[PDB]
Amino acid sequence: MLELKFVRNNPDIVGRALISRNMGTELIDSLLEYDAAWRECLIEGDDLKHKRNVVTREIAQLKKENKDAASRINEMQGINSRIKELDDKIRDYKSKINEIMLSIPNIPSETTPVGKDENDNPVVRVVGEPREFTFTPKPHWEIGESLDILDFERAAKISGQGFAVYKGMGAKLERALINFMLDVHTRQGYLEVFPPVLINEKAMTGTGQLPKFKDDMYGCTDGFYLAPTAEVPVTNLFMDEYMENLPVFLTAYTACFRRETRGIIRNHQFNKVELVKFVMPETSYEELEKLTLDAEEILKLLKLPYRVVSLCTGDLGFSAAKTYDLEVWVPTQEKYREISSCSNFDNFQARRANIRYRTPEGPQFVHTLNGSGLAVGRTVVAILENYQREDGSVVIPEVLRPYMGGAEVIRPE
Ligand SMILES: Nc1ncnc2c1ncn2[C@@H]1O[C@H](COS(=O)(=O)NC(=O)[C@@H](N)CO)[C@@H](O)[C@H]1O
Ligand SMILES: [Cl-]
Ligand SMILES: [K+]
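PDB author numbering puts the sequence shown at residues 1 to 260, 268 to 420.
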């Protein structure tokens with residue numbers, strides 16, 4: 001969430017932010033009405049609480065001077081009743097202000113381009129040259145079923161639609177990618193952590209998934225949610241702390257769960280290796296450029312042609328101030344497809360989760376950043392498509408061979 005005082009003082013900064021996201025400004029209008037009622041009730045109640053303290057002492061003084069106190073004791077019943085009414089209103093208004101503040105998206109950065117949707121996302125850079133095929137490439141689901149390394153029919157029987165079972169060299173490729181990704185990020189300076197994927201409500205609120213995106217998440221017995229991304233458990237590790245040794249760079253593998268495209272492009276469960284940073288505010292714009300480079304290094308090392316796109320205001324996520332997407336080439340679609348989002352959140356998540364650090368002039372919120380390095384299933388799609396042979400077998404990218412016993416090609420078994 002934003003800072004309430006800042007929204008009060010700059011309603012047309014915030015309102016134009018919400019129009020740039022294709023929203024109206026009704027939430028700001030509502031917020032400022034409830035805020036004004038809170039402020040006026042606090043003034044009236046603080047005055048009456050002071051008066052009740054004085055009248056209590058006046059009654060004591062009248063009793064010591066042997067004077068009748070009945071008119072004062074009468075006034076006190078009215079004071080006490082009006083105070084109770086004002087406190088009940090203040091309780092209601094604060095609850096309404098908190099609900100509204102948790103629903104207002106982050107302010108887009110000054111370098112986020114203005115646009116309405118994904119058609120207005122500028123291309124930042126194009127890296128690598130897409131393969132020129134001499135035969136007609138097959139999509140990843142046809143290659144995976146023919147090699148018997150992806151099983152959709154048996155996944156549907158145990159789970160349902162939108163799942164996959166990896167088998168044999170498919171399972172070994174996914175495992176090799178995760179190991180490779182975590183090893184490279186370790187060399188880049190990230191600390192490997194492995195957290196749970198059952199998340200409480202406070203953590204899911206902290207990164208912005210709740211309350212707005214509750215219906216997109218799996219909820220579980222005992223009040224838990226399944227993580228939609230390692231962003232949720234990892235970022236919230238430092239909830240209600242003062243952080244040390246900034247910047248802090250973490251990386252994690254987790255399974256990811258989303259209620260929600269063919270094959271493994273869009274599934275209810277998928278694997279992802281995430282990058283998370285906690286940094287001092289003046290450094291976060293450069294930390295985003297550096298995190299993006301750390302994520303795209305995986306694509307460069309795997310020799311998978313890609314491009315980097317800048318998300319416009321209309322396509323930006325709720326909690327993000329600035330995002331770059333990595334988009335990998337998909338031969339059968341003759342287009343690039345999202346494989347990562349890399350974002351700066353400014354202090355939006357840090358305010359929600361109370362993640363601060365000490366400065367000589369007092370405490371400040373950290374900035375948080377994250378990015379996919381990478382979604383593993385979509386990397387398997389990009390390998391099966393871009394490394395396929397005319398015979399339907401798939402060449403194993405050179406960097407993964409040491410993680411696969413020196414295997415060079417996935418063939419039918
Ligand atoms: N349902 C899904 N199935 C498979 N892959 C997915 C699905 N949803 C997202 N992805 C992949 O996961 C990446 C990260 O998801 S994200 O929502 O864009 N961003 C995040 O979750 C951030 N925490 C950065 O990882 C995507 O860019 C996409 O490549
Ligand atoms: Cl306007
Ligand atoms: K939007």
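Backbone N, C-alpha and C fix where the C-beta goes; we use that ideal spot for every residue, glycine too.
Backbone CA spacing between residue i and residue j [nearest angstrom]
i: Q77; j: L48; result: 12 Å
i: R72; j: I59; result: 7 Å
i: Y292; j: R39; result: 36 Å
i: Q61; j: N74; result: 16 Å
i: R131; j: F249; result: 34 Å
i: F372; j: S81; result: 40 Å
i: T330; j: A255; result: 22 Å
i: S95; j: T375; result: 27 Å
i: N119; j: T134; result: 31 Å
i: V286; j: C349; result: 15 Å
i: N53; j: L42; result: 16 Å
i: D29; j: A36; result: 11 Å
i: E153; j: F257; result: 20 Å
i: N274; j: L226; result: 14 Å
i: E33; j: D92; result: 13 Å
i: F277; j: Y253; result: 11 Å
i: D240; j: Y364; result: 10 Å
i: residue 264; j: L31; result: Coordinates for residue 264 are lacking, as the chain steps from 260 to 268 with nothing built in between.
i: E368; j: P404; result: 51 Å
CB of residue i within 7 Å of CB of residue j, strictly
i: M169; j: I417; result: yes
i: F238; j: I362; result: yes
i: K116; j: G321; result: yes
i: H185; j: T251; result: yes
i: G378; j: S347; result: yes
i: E392; j: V337; result: yes
i: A171; j: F163; result: no
i: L381; j: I305; result: yes
i: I143; j: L27; result: no
i: residue 499; j: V165; result: Outside the shown range of the chain (1 to 420) lies residue 499, about which nothing can therefore be said.
i: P139; j: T339; result: yes
i: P228; j: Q395; result: no
i: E44; j: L86; result: yes
i: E345; j: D332; result: yes
i: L298; j: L282; result: yes
i: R385; j: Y343; result: no
i: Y410; j: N179; result: yes
Beta-bridge pairing of residue i - partner residues as DSSP gives them
i: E334; result: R314, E345
i: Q276; result: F257
i: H374; result: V286
i: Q395; result: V401
i: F249; result: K284
i: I362; result: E241
i: residue 262; result: Because the chain is numbered from 260 directly to 268, the model contains no atoms for residue 262.
i: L42; result: None, per the DSSP bridge assignment.
i: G78; result: None, per the DSSP bridge assignment.
i: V165; result: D151
i: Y190; result: Paired residues: none, contrary to the question.
i: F213; result: DSSP lists no partner for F213.
i: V127; result: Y313
i: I97; result: DSSP lists no partner for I97.
i: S379; result: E281
i: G219; result: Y225
i: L198; result: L226
Whole-angstrom C-beta distance between residue j and residue i, which should lie under 8 Å
i: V383; j: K279; result: 6 Å
i: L177; j: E192; result: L177 to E192, Cβ: 15 Å. No contact.
i: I271; j: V387; result: 7 Å
i: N236; j: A327; result: About 17 Å; that fails the 8 Å criterion.
i: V123; j: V316; result: 6 Å
i: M1; j: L102; result: 6 Å
i: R408; j: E397; result: The Cβ separation is near 21 Å, so there is no contact.
i: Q356; j: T268; result: Between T268 and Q356 the Cβ distance is about 28 Å, and since that is not below 8 Å, they are no contact.
i: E294; j: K307; result: The Cβ separation is near 20 Å, so there is no contact.
i: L300; j: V406; result: That pair is no contact at about 17 Å.
i: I97; j: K51; result: Their Cβ separation, rounded to whole angstroms, is 27 Å, which puts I97 and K51 out of contact at 8 Å.
heavy atom of ligand 4 below 6 Å from residue i C-beta
i: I28; result: As far as ligands go, the structure on display features ligand 1, ligand 2 and ligand 3 and does not contain ligand 4.
- Are at least three pairs of beta-carbons, each pair with one atom in the stretch 9-17 and one in the stretch 94-109, less than 8 Å apart? yes
- Item | Three CB pairs or more closer than 8 Å across the stretch 196-209 and the stretch 220-233 | yes
- Counting pairs of beta carbons, one from the stretch 208-224 and one from the stretch 238-247, are three or more of them closer than 8 Å? Flag = no, the stretch 208-224 and the stretch 238-247 do not touch.
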